[PDB]
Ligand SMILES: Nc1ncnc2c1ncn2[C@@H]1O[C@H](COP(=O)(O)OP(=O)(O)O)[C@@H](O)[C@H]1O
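A single chain, nothing else alongside it, follows as structure tokens in the form deposited without the named molecule.
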């Protein structure tokens, strides 16, 4: 499974160039961008162009996993480890062995976990929670954040050494409003995938597309995709004009 980076804009053109530039190395990648800009789609496309293309792709959202569970999710645990540890199980590093681990919202990672991540980056070994046995894995790290990690380093909330280990190959995702020339293409991609997965069908006329291009997109792409899914559930196989798009998408 790999989604394509669509669009004609210079920003997306650059991102596509970078996928090829970094294809020859396992250098850690750090993808900066507002929430919803497509950072996981970039990470999957990068993985697909990497030497690891046939290895696993494993996402982790440090922002959607409670701080107390993240270490167990990342490193696994033994059955005796903590109260709820009723099985022994490999975590997401082991599941990513030979492939790519996508650490999303890295700026929500707690500082102790940041130290442990730095150790796994450097030494390429880790320990399950509740164990001292050394585990080796070969995982290529792609991390993503919407936060200013450098100010976080200044504030002492993020580690400078971890940041430099992650930021070997940086990528900046443009917000949707800086590349609205892509929206038509993105819409065709979204709808097309939506149809190929039998989740629905929609079309936009040109005025609707103009109105959408006039939008601010606080949620970037993700918000666009949620809108497609919503209108398709709302007007099955319909044609969206401007009346079907009425608050906060309504600019005419």
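The term rigid core refers to the most C-alpha atoms you can superpose between the two forms while keeping them within 1.5 Å. Positions refer to the first chain, counted from 1.
Although not depicted, the form deposited with the named molecule bound is the subject of the following passage.
Asks: Taking the named molecule as it sits in the deposited complex, is residue 179 in contact with it (heavy atom to heavy atom, 4.5 Å or less)?
Replies: Contact with the named molecule, yes.
Asks: State yes or no: in the deposited complex, is some non-hydrogen atom of residue 29 no more than 4.5 angstroms from a non-hydrogen atom of the named molecule?
Replies: So residue 29 does not count as contacting the named molecule.
Asks: Taking the named molecule as it sits in the deposited complex, is residue 221 in contact with it (heavy atom to heavy atom, 4.5 Å or less)?
Replies: Residue 221: contacts the named molecule in the deposited complex.
Asks: Looking at the partner-bound form in the deposited complex, is residue 193 within 4.5 Å of the named molecule by any heavy atom?
Replies: Contact check for residue 193: yes, within 4.5 Å of the named molecule in the deposited complex.
Asks: Please determine, with the chain shown alone, which of 240 to 248, 227 to 235, 5 to 13, 20 to 28 has non-hydrogen atoms within 4.5 Å of the named molecule in the deposited complex.
Replies: One stretch meets the cut-off, namely 5 to 13.
Asks: Which residue, 186, 58, 65, 208, has a heavy atom that falls within 4.5 Å of the named molecule in the deposited complex?
Replies: Flagged contact: 186.
Asks: Could you pull out the residues of 28 to 47 that have any heavy atom within 4.5 Å of the named molecule in the deposited complex?
Replies: Heavy-atom contacts to the named molecule in the deposited complex: 34, 35, 36, 37, 38, 39, 40, 41.
Asks: Superpose on the rigid core and name the single residue from 187, 32, 41, 58 whose Cα moves by 2 angstroms or more between the shown form and the other one.
Replies: Single residue meeting the criterion: 187.
Asks: Can a Cα shift of no less than 2 Å be assigned to residue 22 between the shown form and the other one, given superposition on the rigid core?
Replies: No, the C-alpha position differs by under 2 Å between the shown form and the other one.
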